[PDB]
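Heads up: numbering here begins at 1 and tracks the sequence.
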Amino acid sequence: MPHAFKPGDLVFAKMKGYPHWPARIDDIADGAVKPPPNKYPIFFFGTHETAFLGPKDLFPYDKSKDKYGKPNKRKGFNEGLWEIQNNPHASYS
């Protein structure tokens, strides 16, 4: 059975106006800004941007990749597909 989301989990993350996007739950570094309550720090592959999202917008990657894991015209998306498949736990800083 599913657990709650934890750092390192791989997802497609949904933002208004954007396609479901390859992403991970990030850790929060010591001294770094924390998310609001009930929100997780989501790192978006390809764009390497961070937003704060709750579970309603987080789709586990294994279950969802057949549907969402296809190329997209949007900036950074196909790089993001490479990342989540080939090195999803690397440093992209």
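Contact annotation: the side chain of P19 approaches that of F77 to within less than 4.5 Å [non-hydrogen atoms, C-beta and beyond].
Panel note: side chain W21, backbone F45; a donor-acceptor pair is recorded below 3.5 Å. Side-chain atoms of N87 do not come within 3.5 Å of backbone N or O of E83 as any donor-acceptor pair. Checking side-chain atoms of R24 against main-chain N and O of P88 turns up a donor-acceptor pair under 3.5 Å. Under a 3.5 Å cut-off, the side chain of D26 and the backbone N or O of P7 do not form any donor-acceptor pair.
Environment of CG in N38: sparse, with no more than 12 heavy atoms of neighbouring residues, nucleotides or ligands closer than 6.0 Å.
Relative orientation of the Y92 and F43 rings is parallel, given thresholds of 30° and 60° on the angle between their planes.
We find the CZ-CG distance between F12 and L81 to be 6.5 Å, quoted to the nearest 0.5 Å. For the atom pair NE2 (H20) and CZ (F59), the distance works out to 4.0 Å, reported to the nearest 0.5 Å. Distance check, rounded to the nearest 0.5 Å: NE2 of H48 to OG of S91 gives 10.0 Å. Interatomic distance, CD1 of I28 versus OG1 of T50, reported as 11.0 Å (0.5 Å rounding). Annotation: the span from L10 atom CG to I25 atom CD1 amounts to 9.0 Å, rounded to 0.5 Å. Residue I42 holds its CD1 atom at 9.5 Å from CE of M15, rounded to the nearest 0.5 Å.
Applying the side chain to side chain contact (heavy atoms under 4.5 Å, CB included) rule to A29 yields the partners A32; only residues at least two apart in sequence or on another chain are considered. A search for side-chain hydrogen bond (donor to acceptor under 3.5 Å, both in side chains) contacts involving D62 returns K65, not counting sequence neighbours. The salt bridge (charged side-chain N to carboxylate O under 4.0 Å, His left out) search around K6 returns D9, not counting sequence neighbours.
In plain terms, the two heavy atoms of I84 and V11 that are nearest each other are CD1-O, 3.5 Å. Counting all heavy atoms, side chain and backbone alike, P41 lies closest to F52 at CA-CD2, 4.0 Å. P71 and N78 make their closest contact through CA-OD1, 3.2 Å (heavy atoms, listed as atom of the first residue, atom of the second, distance).
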